[PDB]
Amino acid sequence: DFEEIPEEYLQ
Amino acid sequence: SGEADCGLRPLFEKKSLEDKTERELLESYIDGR
Amino acid sequence: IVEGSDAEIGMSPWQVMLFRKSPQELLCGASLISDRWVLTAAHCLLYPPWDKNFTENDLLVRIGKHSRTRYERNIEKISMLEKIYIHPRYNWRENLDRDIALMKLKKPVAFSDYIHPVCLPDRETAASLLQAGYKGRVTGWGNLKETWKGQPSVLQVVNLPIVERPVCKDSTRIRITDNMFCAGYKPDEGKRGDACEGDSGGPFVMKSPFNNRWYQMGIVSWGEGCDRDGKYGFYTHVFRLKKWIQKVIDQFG
Ligand SMILES: N[C@H](Cc1ccccc1)C(=O)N1CCC[C@H]1C(=O)NCc1ccc(Cl)s1
Ligand SMILES: N[C@H](Cc1ccccc1)C(=O)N1CCC[C@H]1C(=O)NCc1ccc(Cl)s1
Ligand code: NA
Ligand code: NA
C-alpha cells in the first residue's frame, strides 16, 4: 500500500 | 540544533500566519488572560 | 485519528513517521525534538505481549511527511537510527506506565519549511497548560475508525480537551499513574475525536499563549477502542519524564 522508497535508504 | 527556534513553524509562526484551528486552543486557555 | 481533519501543509513539522523496513509499513508516529533526536512511545518499539521488539536496523524514520503512503520526493527526509533508548521502568506488563522512548538518528536532519522541532515544556509551562478543559492537538496517520473510511490519505489532526483526573480514572479499570494524562470530549459535550491504532507515539501539543511556541505535553499511549463514548485517550506525561529524557540526551548526545 506504500510507494517504494529509494533503495539508498534500505542499504 | 533547533533550540532557539523550537516550536515556531516555518509556514505559520515564522511568517505570522495562523492555522485554521489554533484559535480553538487559545480560547480554551483561561490562565493569565 | 477518529473524527479529525486533514492537516494543513507544514502544520505539524515535527511529526515523524516510524516506518518498518520489511515489510514496508507504518509502525507508529513520533516527534522531532532536535536535529538528531526523535521522541516516541516505548510500546512502538517494545511490547512483548504482541511479540514486538524492534531493533535499530528494523526501522526508518520519515520526517516532513503529509501523505501517508506516497514517497514525497524533495520534501520528506528519511533517516536511519543510531540507537534506541527505552525508559528502564517502562511498564509493558501492566498499564504502559512510563511509555516513552528516544531514538538518536545516524546523521542530523536538515530543517526546512516541512521539518522543524517541537519544544518540550518546562515545569511552569506544564503547570499552566496541563489543566482540565485546556485543549491540545493530536496528529497522526492511524486509523480513521476503531473498526473497518479506514486509513487516511494524509496526516490527520484533532484538537481535544484535557480531562479531570478523577474522570480519567473512573472511565477505565486500568490503573492510571501520574505519568499519564487523558484527553477527549465527554458524551454530553457533543464533539468527538480520538487517537487510534497507528497514532501511537505521536505528539499531543499545545501552543503556549505566553510565548506563542508549540510544546509537546504528551505522547499517544493507550485507549480502549477509539472515540468511544465515556472513554478517553491516554498520553504519556512528557514533563514528568523530563529527568530521564535529559539524562539520555546529556549522556549519549
Ligand atoms: N487497548 C490497549 C489497552 C492497554 C493494554 C495494556 C496496557 C495498557 C493499556 C492499548 O491501548 N494498548 C495495548 C498496548 C498498546 C496500546 C495501544 O493500542 N495504543 C494505541 C492507542 C489506541 C487508541 C489510543 Cl487513544 S492510543
Ligand atoms: N541540551 C539540549 C538543547 C536543545 C537542542 C535542541 C532543541 C532544544 C534543546 C536539550 O535540552 N534538549 C535536546 C532536545 C530535548 C532537550 C532536552 O533534553 N529537554 C529535556 C526536557 C526538558 C523539559 C521537558 Cl518536559 S523534557
Ligand atoms: Na477506574
Ligand atoms: Na471518548
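Order of appearance sets the numbers: ligands from 1, and atoms from 1 within every ligand. Side-chain atoms are counted along with the backbone in the values below, which use heavy atoms only and exclude waters and symmetry mates. First the proteins, then the strands, lettered A, B, ... as listed; each starts at 1.
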Answer yes when [X] and [Y] have at least one side-chain N-carboxylate O distance shorter than 4.0 Å, and no when they do not.
X        : Y        : value
B:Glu18  : B:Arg23  : yes
C:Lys52  : C:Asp58  : no
C:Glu82  : C:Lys106 : no
C:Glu164 : C:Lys186 : yes

Side chain, backbone, both or neither: which part of [X] comes within less than 4.0 Å of ligand 1 when only heavy atoms are counted?
X        : answer
C:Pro49  : neither
C:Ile174 : side chain
C:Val220 : side chain

Heavy-atom check, side chain of [X] versus side chain of [Y], under 4.5 Å:
X        : Y        : value
C:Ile100 : C:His43  : no
C:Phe239 : C:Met217 : no
C:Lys135 : B:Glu24  : yes

Exactly one candidate in C:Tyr134, C:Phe204, C:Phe234, C:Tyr232 meets ring pair (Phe, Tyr, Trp, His ring centres under 6.0 Å) with C:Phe181; the answer is C:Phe204
- Roughly how far, to the nearest 0.5 Å, is SG of C:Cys44 from CG of C:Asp99?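 The CG atom of C:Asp99 sits 7.0 Å away from the SG atom of C:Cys44.
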Nearest heavy atom to [atom]: which of [options] does it belong to?
atom                    : options                     : result
atom 4 (C) of ligand 2  : C:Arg123, C:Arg240, B:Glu3  : B:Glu3
atom 23 (C) of ligand 2 : C:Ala126, C:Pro121, C:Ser34 : C:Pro121
atom 14 (C) of ligand 2 : C:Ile33, C:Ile100, C:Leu32  : C:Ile33

Around [atom], find the nearest protein heavy atom and jot down its residue, atom name and distance.
atom                     : result
atom 5 (C) of ligand 1   : C:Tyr47 OH, 4.2 Å
atom 2 (C) of ligand 1   : C:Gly223 O, 3.6 Å
atom 19 (N) of ligand 1  : C:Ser221 O, 2.9 Å
atom 15 (C) of ligand 1  : C:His43 CD2, 3.6 Å
atom 25 (Cl) of ligand 1 : C:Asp194 OD1, 3.2 Å
atom 20 (C) of ligand 1  : C:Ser200 OG, 3.2 Å
atom 12 (N) of ligand 1  : C:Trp222 CB, 4.3 Å

Can a non-hydrogen atom of B:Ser1 be found less than 4.0 Å from any atom of ligand 2?
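It does; at least one heavy atom falls under 4.0 Å.
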- Task: May I ask whether C:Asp122 places a heavy atom under 4.0 Å from ligand 2?
- Result: no
Q: Just jot down the side chain to side chain contact (heavy atoms under 4.5 Å, CB included) partners of C:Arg175, sequence neighbours excluded, or say none.
A: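 Applying side chain to side chain contact (heavy atoms under 4.5 Å, CB included) to C:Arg175 gives C:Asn91, C:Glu94, C:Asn95, C:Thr177.
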In ligand 1, the atoms that come under 4.0 Å of a heavy atom of C:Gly233 are 25 (Cl)
Item to check | Subset of ligand 1 atoms that lie under 4.0 Å from at least one heavy atom of C:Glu94 | outcome: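 Those of ligand 1 that fall under 4.0 Å from C:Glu94 are 6 (C), 7 (C).
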Could you tell me if the ring centre of [X] sits under 6.0 Å from that of [Y]?
X        : Y       : result
C:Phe111 : C:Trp14 : no
C:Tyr71  : A:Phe2  : no
C:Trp92  : C:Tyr47 : no

Can you count the protein N/O/S atoms lying under 3.0 Å from the Na ion (ligand 4), leaving waters out?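 Every protein N, O or S atom under 3.0 Å from the Na ion (ligand 4) counted, the figure is 2.
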_Charged tip of C:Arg98 within 45° of C:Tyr90 ring normal and under 6.0 Å_ = no
* **Within 45° cone of C:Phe252 ring axis and under 6.0 Å: C:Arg36 NZ or CZ** =>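 Cation-pi check for C:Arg36 and C:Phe252: fails.
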One finds that the ligand 2 atoms under 4.0 Å from a non-hydrogen atom of C:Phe239 are 25 (Cl)
Quiz item: Of all the heavy atoms in C:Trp50, does at least one lie under 4.0 Å from an atom in ligand 1?
Solution: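 Yes, C:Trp50 has heavy atoms under 4.0 Å from ligand 1.
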